[PDB]
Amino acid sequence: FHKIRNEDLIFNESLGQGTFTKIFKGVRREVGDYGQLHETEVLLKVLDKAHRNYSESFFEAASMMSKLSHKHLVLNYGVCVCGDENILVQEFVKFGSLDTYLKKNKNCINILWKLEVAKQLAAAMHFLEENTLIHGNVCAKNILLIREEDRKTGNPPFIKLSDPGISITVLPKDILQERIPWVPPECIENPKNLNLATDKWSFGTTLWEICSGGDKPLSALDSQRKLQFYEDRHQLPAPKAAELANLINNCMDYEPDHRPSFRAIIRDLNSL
C-alpha cells in the first residue's frame, strides 16, 4: 500500500460508520498524470482508536483484494498512518452504498435493473472465486453504485464491491450474531469455517436485499431469535420481486458443499 501523508489529505463531512470504522468524505492533493496537480475526492475509512487491536485485520483484507485488479472491485489509493489513526484512502463512488439507494428509489427500480446488478455482483464473485480469494462480508451495504441507469442512453447501472472490512474470524460473537443472515450458519457454529462457500451464502442474502427494496432480512429478530432461525434451519421468505426467490434459496444452502459455483449462478441469472 502506497503511504499517503496526512498533509495531503483534507477531512470533510462524516458519511457514517462501518464496523469499528468511521467514514468521511475527503480530498487528496496529488501530482497526477503528465505532472498536473490534482485535488481528488476520496473516501476515508478510519479505524477507531478504541479498536486499534483490529488494525491488522482491516488492512490485510483491503490489501489482499487490492492485489487483484478488476472493473467491479473498488480502487484503493493507499493508506495514511501519519498520526493517531489508521486510514484507508479509497476512490469516492458518486452514489454510495446500494442498500441506501434501493430504499430511496424503491418505487422506481424494476426487475431488469435488479438482474443487471445481480449479474455484475456475480461476475465480481466469480472473479474472486477463480482467484480463490474469500471476501467474507458480501452485503448490499458493501456494494457501491458508480453509475445510475440512463433510460435515454440505454446504459445500465454499474456497481463495484467494496473491501471486506474486519474478518469474521476475529470479530466478537455479538457482532457476528447480529450479522445473521449474512454470516453463514457454519461460521456462527465456528468463525474459523470461513471458506469460499461462505460467499455463496452471503450472495443469496444480498440478492434478497436487492429484491426487497433495501429491507434488512430478519431485522425484527434480536440476536437470540436469529440464532434460533439457524437452529431450526429456516429459509428467508420470498422477497417482493419473487423472480429470484429460487436462486436466493439455492445459494442459502445449509450444506456449504452443495452451494452452487458462481459460474452456475451466472448461468441461472442469464436464464431470465
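Residues carry their position along the shown sequence, with the first being 1. Here, rigid core means the biggest group of C-alpha atoms that superpose within 1.5 Å across both forms.
K.L.:
Core-aligned, which moves more in 4 other deposited structures of this protein: 108-116 or 75-83, by CA RMS?
P.N.:
Clearly, after the core fit, the stretch farther away in 4 other deposited structures of this protein is 75-83.
K.L.:
Once everything is fitted on the core, do the CA positions of 29-37 or those of 215-223 lie farther from the shown form in 4 other deposited structures of this protein?
P.N.:
Larger mean C-alpha displacement, comparing 29-37 and 215-223 in 4 other deposited structures of this protein, is found in 29-37.
K.L.:
Tell me which of 158-166 and 98-106 has the higher mean C-alpha B-factor in the deposited entry.
P.N.:
Looking at the recorded C-alpha B-factors, 98-106 comes out higher on average.
K.L.:
If you average the CA temperature factors as listed in the entry, which stretch comes out higher, 122-130 or 184-192?
P.N.:
The stretch with the larger mean CA B-factor is 184-192.
K.L.:
Which of these has the highest Cα B-factor in the record: 219, 57, 246, 224?
P.N.:
By C-alpha B-factor in the record, 57 ranks first.
K.L.:
When the CA B-factors of 234, 45, 52, 70 are compared as recorded in the entry, which is the largest?
P.N.:
Reading the PDB entry, the winner on C-alpha B-factor is 52.
K.L.:
Using only modelled residues of the chain, where does the Cα B factor of residue 152 rank: lowest third, middle third or highest third?
P.N.:
Highest third - that is where residue 152 ends up once the chain's C-alpha B-factors are sorted.
K.L.:
Of the three thirds of its chain by CA temperature factor, lowest, middle or highest, which one includes residue 199?
P.N.:
Lowest third, going by the recorded CA B-factors of the chain.
K.L.:
Among the modelled residues of its chain, does the C-alpha B-factor of residue 28 lie in the lowest, middle or highest third?
P.N.:
It belongs to the lowest third of the chain when residues are ordered by C-alpha B-factor.
K.L.:
Among the modelled residues of this chain, does the Cα B factor of residue 89 put it in the lowest, middle or highest third?
P.N.:
Its C-alpha B-factor belongs to the lowest third of this chain's values.
K.L.:
Is residue 37 in the lowest, middle or highest third of its chain when residues are ranked by C-alpha B-factor?
P.N.:
Residue 37: CA B-factor falls in the middle third of its chain.
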